[PDB]
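Trainee: Give me a 3D structure for the following:
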Amino acid sequence: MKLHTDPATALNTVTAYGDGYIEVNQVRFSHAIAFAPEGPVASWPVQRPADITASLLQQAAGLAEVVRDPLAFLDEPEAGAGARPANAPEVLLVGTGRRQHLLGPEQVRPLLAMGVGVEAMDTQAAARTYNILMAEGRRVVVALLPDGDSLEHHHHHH
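Mentor: Numbers count the residues shown, from 1 in each chain. Pasting the structure now:
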């Protein structure tokens, strides 16, 4: 009667919390990161909940509509219209880590226009909700932010 836990590698989950970092896939990121079950891992140069801009929200969404280095170069045989991914974060979980920074329409509208529902919470609250939405199997991306420490605190100089 021992329940076998069958691990699906599509479930990108935090393997260890830690102080000054967050361990995902046993990769201990000592800085802000945005990752999803289906999606990329965005590295944030954010150290505090004050660094968060609309630009960074676009990065955290893992969109990248314009590719800096096109892997599949289209010579453009058409000039009508393009089809967007639609695999974008249906819900975006922004975790400020230290304290909830209320992001307003000014910053979140660029994503709201795409249908991206942005939640403003902290790392802990975002993690729980992320697990729910990831278990549900919905397009969710979570951005977690260090709650006090970072790579900088490992040094005593710059």
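
Trainee: going forward, measure contacts and count neighbours with C-alpha atoms only.
Mentor: Will do.

Trainee: who touches the lengthiest helix in the chain?
Mentor: If you go by DSSP state H, the chain has its longest helix at helix 123-136. By Cα atoms under 8 Å, 6 or more residues apart in numbering, the list of residues contacting helix 123-136 from outside reads 11, 13, 37, 93-97, 139-147.

Trainee: Only whichever of those are buried, select them in PyMOL.
Mentor: Selecting only the buried entries of the contacts of helix 123-136 in PyMOL, with 16 or more other Cα atoms under 10 Å as the criterion:
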select buried, resi 13+37+93+94+95+96+97+139+140+141+142+143+144+145+146+147
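
Trainee: where exactly do the strands run in the protein?
Mentor: 14-16, 22-24, 27-29, 33-35, 42-43, 91-95, 117-121, 140-144 (DSSP state E).

Trainee: what comes up buried for the second one?
Mentor: Under the neighbour-count criterion of 16+ other Cα under 10 Å, strand 22-24 has 22, 24 buried.

Trainee: Just checking: what are the partner strands of that strand?
Mentor: Here the strand partners of strand 22-24, with direction, are listed using DSSP bridges: strand 14-16 (antiparallel), strand 27-29 (antiparallel).

Trainee: for the fifth one, same thing?
Mentor: Looking at strand 42-43 with DSSP bridges, its partner strands are strand 33-35 (antiparallel).

Trainee: how far is the partner strand from where the chain is centred?
Mentor: The gap between the average C-alpha position of strand 33-35 and the chain average comes to 3 Å, counting by Cα atoms, centre = their mean, to the nearest Å.
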